[PDB]
Structure formats: C-alpha cells, structure tokens
Amino acid sequence: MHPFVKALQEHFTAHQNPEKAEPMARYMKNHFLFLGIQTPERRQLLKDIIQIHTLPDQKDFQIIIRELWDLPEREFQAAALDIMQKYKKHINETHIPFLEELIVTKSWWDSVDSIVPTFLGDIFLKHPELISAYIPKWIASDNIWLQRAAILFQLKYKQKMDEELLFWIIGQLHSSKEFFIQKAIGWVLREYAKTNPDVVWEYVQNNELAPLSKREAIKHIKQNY
DNA sequence: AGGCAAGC
DNA sequence: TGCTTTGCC
Ligand SMILES: COc1cc2[nH]c(C(=O)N3C[C@@H](Cn4cnc(N)c5ncnc4-5)c4c3cc(O)c3[nH]c(C(=O)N5CCc6c5c(O)c(OC)c5[nH]c(C(=O)SC)cc65)cc43)cc2cc1O
Ligand SMILES: [Ca+2]
C-alpha cells in the first residue's frame, strides 16, 4: 500500500525475465518465486524509483521493508535490504528486534547473510554490552538462522574480533548437525584466520569441530604448519 | 578488474 | 570434491 512499494513492485514486474526466473528459483531450492532480475539490474531499478520518488522519510522505512518482505518474489526481499542500507545512519540498538524478525521470516542464507555481518555487526560494535542480551538467546533458540547470526555477526570484524566470544559461540554450536551451522563456523574461522591465523590454528587443533567446519577453517593456512 | 565467497 | 554462475569487497 505504500506508494514507494507500489512503484517498486510495478517497475520490477515490468522488467521481469521469465527465462532467468526458473534457474534463479532452483538455486534457492525453490523456496521462493523469482521475477528473474539479477543484482545489477535489481539495484538499478531501485535507483530508478528513488530518482522519481525520492527516498521516503525514515519514519516509513520499517513499513516499506515489511511490505516488501510480504511480496512473493525473492527480489523484493533483496531490494528491501538494499533499501535498509540507505537508512544506515538511522539504524540503532532499538532496531535489533526488527532485524530478528527479518532473520526468522522467509529465512534462507541469502537474506540472513545480508542482514547479519553488516547491520547487526555494526550495531554490536557500538553496543557490545548488549551482545549478552541476544547472542545466548539465539544460540539456545534452535532456530538455525539466529544461530548462524550469532556466528556471523563478527564476520567482517578483522582486528576488532572478540576472540574469546567467537570461540565460546563456536563451542556452543560445534555439535550442530546442521549444514548451515557447520558451514558458518568454517567460514568465520577461515575469515578470521586472515587476521589472526595463529589463534585460529591453536583453536582448531585443540577443540572439537565437525570435519566440514575444520576443513573449511584451515583451507588457506594449513600449508604453514 | 579480479580473487574469494551457495548448487550439485 | 572441485567445478559451476553470480555476488561481495
Ligand atoms: C562478507 O563477505 C562476503 C559475503 C558474500 N556474500 C556472497 C553472496 O551473497 N553470494 C555469492 C554468490 C554464491 N556463490 C557463487 N559462486 C561461488 N563460487 C560461491 N562460493 C560461495 N558462494 C558462492 C551468490 C550470492 C548471493 C546470491 O543471492 C546469489 N544468487 C546466485 C544465483 O542466482 N546464481 C548462482 C548459480 C546460478 C545463479 C543464477 O542466478 C542463474 O540464473 C542464470 C544460474 N543459472 C545457472 C545455470 O544454468 S548453470 C548451467 C546457474 C545459476 C549466486 C549468488 C559472496 C560473499 C563473499 C564474501 O567475502
Ligand atoms: Ca565450498
């Protein structure tokens, strides 16, 4: 019902590509319909609408994202996250519950990974005293996407990584059977090893991990030991 | 530009 | 397992 969303829906729909829609949907295990609009085109179509309408007032940004989240085609959720990025300066700790909602609604790796290391990563850098109100809850929830959020919110931190916290989180989730948890553990360890390889190596040599997780973690540093 | 990052 | 095509940085 928001005019910005109505305009975006019309403009995206007018530029759909049925020939791309099928393999795009298959790539996400057919969890979602697709219009068939890949990222470069999608972002330019969004730009078109912003250039016509101007960016809506920040009082509207949650409403816009919610309405886009409810549309059937997956590009509307990807575009909602592109839009959320344009309100970056207005996003703060009071928005964590909204981000939780997005993580657990129409969940898959494409949306969850686009929410977590940027938006939640930045919030918890400014408010690290709020981590304990969320991360333990997420780990205990048995929702795999909140669990993956606990693992990956520090993914881009590099020298800012809280090492003891990262390793505690990983230890809590290492016995998960879930592909998306085993793989997230491998990813965050591999990535942090680009910054602090010796402590990742020590960790993986002295703490239990699923074999997927361990192999992925040491992919680039194993030839140094 | 190009290296590094789910599907099967 | 190690290749795919597309996306992030
Ligand atoms: C913080 O740091 C990082 C964050 C990151 N996010 C991503 C990311 O979000 N990715 C990377 C890449 C998915 N991806 C691709 N290639 C690889 N080799 C990958 N290895 C892992 N993932 C991979 C990808 C996304 C997200 C998406 O939402 C994606 N969607 C598609 C997609 O839609 N694909 C990929 C395969 C595919 C399509 C597609 O549109 C198609 O429509 C034409 C396709 N057609 C076919 C065929 O007929 S094969 C005969 C394959 C095919 C790829 C894709 C990368 C990335 C990197 C970082 O450092
Ligand atoms: Ca792989």
Side-chain angles (χ1 to χ4, degrees), chain A residues 12 15-48 68 73-88 91 99 102-123 125 143-161 166 170 173 176-197 200-201 204 209-224:
Chain A
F12 278 25
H15 291 81
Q16 65 188 115
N17 184 344
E19 285 63 48
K20 289 186 181 176
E22 189 176 342
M24 287 181 76
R26 194 164 58 253
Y27 184 64
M28 302 307 179
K29 301 299 303 207
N30 285 113
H31 287 302
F32 313 110
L33 297 175
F34 274 77
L35 290 175
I37 306 174
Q38 289 169 322
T39 296
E41 289 66 44
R42 196 192 68 238
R43 286 193 173 134
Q44 185 58 48
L45 292 169
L46 170 61
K47 183 173 177 177
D48 292 340
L68 290 166
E73 294 87 1
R74 189 54 161 181
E75 294 98 335
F76 290 120
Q77 290 91 67
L81 299 180
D82 290 331
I83 290 166
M84 197 162 68
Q85 177 58 37
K86 291 177 171 296
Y87 291 99
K88 190 70 178 162
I91 294 167
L99 299 174
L102 300 182
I103 286 169
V104 301
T105 303
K106 298 192 169 185
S107 307
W108 202 236
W109 59 266
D110 59 320
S111 57
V112 173
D113 295 351
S114 289
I115 292 161
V116 165
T118 47
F119 296 100
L120 284 175
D122 288 348
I123 289 164
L125 283 174
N143 179 286
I144 62 168
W145 302 107
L146 294 171
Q147 294 175 330
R148 182 161 170 121
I151 296 161
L152 296 179
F153 82 95
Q154 300 195 94
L155 180 62
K156 300 180 74 179
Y157 278 13
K158 300 182 180 160
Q159 71 282 351
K160 301 172 184 173
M161 183 69 76
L166 178 71
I170 289 173
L173 290 164
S176 178
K177 74 187 183 310
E178 295 286 341
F179 173 85
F180 286 113
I181 300 309
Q182 294 185 7
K183 187 65 182 290
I185 290 172
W187 188 11
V188 78
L189 286 174
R190 195 195 319 110
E191 188 70 15
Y192 184 46
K194 299 176 183 177
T195 294
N196 209 352
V200 172
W201 185 257
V204 304
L209 291 175
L212 172 67
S213 302
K214 176 174 180 174
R215 184 192 77 236
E216 291 292 338
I218 67 176
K219 192 189 275 206
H220 300 309
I221 68 176
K222 58 189 178 88
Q223 78 293 340
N224 301 328

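All chains are named by letter (A, B, ...) in the order of the sequence lines, taking the proteins before the strands, and each is independently numbered beginning at 1.
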### Task
Look at A/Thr39 and C/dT6 and indicate whether a side-chain polar atom (N or O) is within less than 4.0 Å of OP1 or OP2.
no
### Message
With ring-ring contact (aromatic ring centres under 6.0 Å, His included) as the criterion, how do A/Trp108 and A/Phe180 come out once you've worked through the C-alpha distance, each side chain's angles and the decisive distance to 0.1 Å?
### Response
CA-CA 10 Å; A/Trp108 202 236; A/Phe180 286 113; 5.1 Å; yes
### Task
Figure out the CD/P separation between A/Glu216 and B/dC4, and round it to whole Å.
14 Å
### Query
Any side-chain N or O of A/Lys219 under 4.0 Å from OP1/OP2 of B/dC4?
no
### Task
Check whether any side-chain N or O of A/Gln223 sits under 3.5 Å from a backbone N or O of A/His220 as a donor-acceptor pair, and report yes or no.
yes
### Message
The side chain of A/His220 is closest to which nucleotide in this list: B/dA5, B/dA6, C/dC9?
### Response
B/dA5
### Query
Counting N and O atoms only, with roles assigned by atom type, does the side chain of A/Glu75 sit under 3.5 Å from a partner on the main chain of A/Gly36, one being a donor and the other an acceptor?
yes
### Query
What's the closest nucleotide to the A/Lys194 side chain, out of B/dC4, B/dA6, C/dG7?
B/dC4
### Task
Within residues 178-192 of chain A, find the residues that approach DNA chain B with a heavy atom at under 4.0 Å, and present them sorted by residue number.
A/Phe179, A/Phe180, A/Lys183, A/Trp187, A/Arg190
### Query
Got a sec, which pairs hit side chain to side chain donor-acceptor pair (under 3.5 Å) with one end in residues 112-122 of chain A, sequence neighbours left out?
A/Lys88-A/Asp122, A/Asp113-A/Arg148
### Message
Without decimals, in angstroms, what is the distance between A/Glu75 CD and C/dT6 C1'?
### Response
13 Å
#### Entry: Gap between atoms CD and P, on A/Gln38 and C/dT5 respectively (whole Å)
12 Å
### Message
Tell me if the centroids of the rings in A/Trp109 and A/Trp145 come within less than 6.0 Å of each other.
### Response
no
### Interatomic distance, A/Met28 CE vs B/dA6 P [rounded to whole Å]
10 Å
### Task
Starting from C1' on C/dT5, measure out to CD on A/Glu19 and report it in whole angstrom.
18 Å
### Donor-acceptor contact below 3.5 Å, side chain A/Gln16 vs main chain A/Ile37
no
### Query
Under 4.0 Å between a side-chain N or O of A/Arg26 and OP1 or OP2 of C/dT6?
no
### Query
For the residue pair A/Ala21 and A/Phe34, what are the closest heavy atoms and their distance?
CB-O, 3.4 Å
### Query
Does CD belonging to A/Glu22 count more than 12 external heavy atoms closer than 6.0 Å?
no
### Query
Would you say A/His31 reaches B/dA6's phosphate, i.e. side-chain N/O to OP1/OP2 under 4.0 Å?
no
### Stem list, DNA chain C (Watson-Crick or G-U pairing under 3.5 Å, at least 3 consecutive pairs)
B:2-5 with C:6-9, B:6-8 with C:2-4
### Query
For A/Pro40, which contact category applies under a 4.0 Å heavy-atom criterion: base, sugar-phosphate, or nothing?
sugar-phosphate
### Query
What is the sugar pucker of C/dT5, north (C3'-endo side) or south (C2'-endo side), as given by the torsion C1'-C2'-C3'-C4'?
south
### Task
Check whether any side-chain nitrogen or oxygen of A/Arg43 sits under 4.0 Å from OP1 or OP2 of C/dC8, and answer yes or no.
yes
### Whole-Å distance separating the CH2 atom of A/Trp108 from the P atom of C/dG7
18 Å
### Task
Measure from CD on A/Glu22 to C1' on C/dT6 and round the result to the nearest Å.
18 Å
### Query
So which nucleotide from B/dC4, B/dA6, C/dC9 ends up closest to the side chain of A/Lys156?
C/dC9
### Summary
When every non-hydrogen atom of A/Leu155 is compared with those of A/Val188, the smallest separation belongs to CD1-CA, 4.0 Å
### Query
When the distance from CZ of A/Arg74 to P of B/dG7 is rounded to whole Å, what number comes out?
13 Å
### Query
How far apart are the closest heavy atoms of A/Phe32 and A/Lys106, and which atoms are they?
CZ-O, 3.7 Å
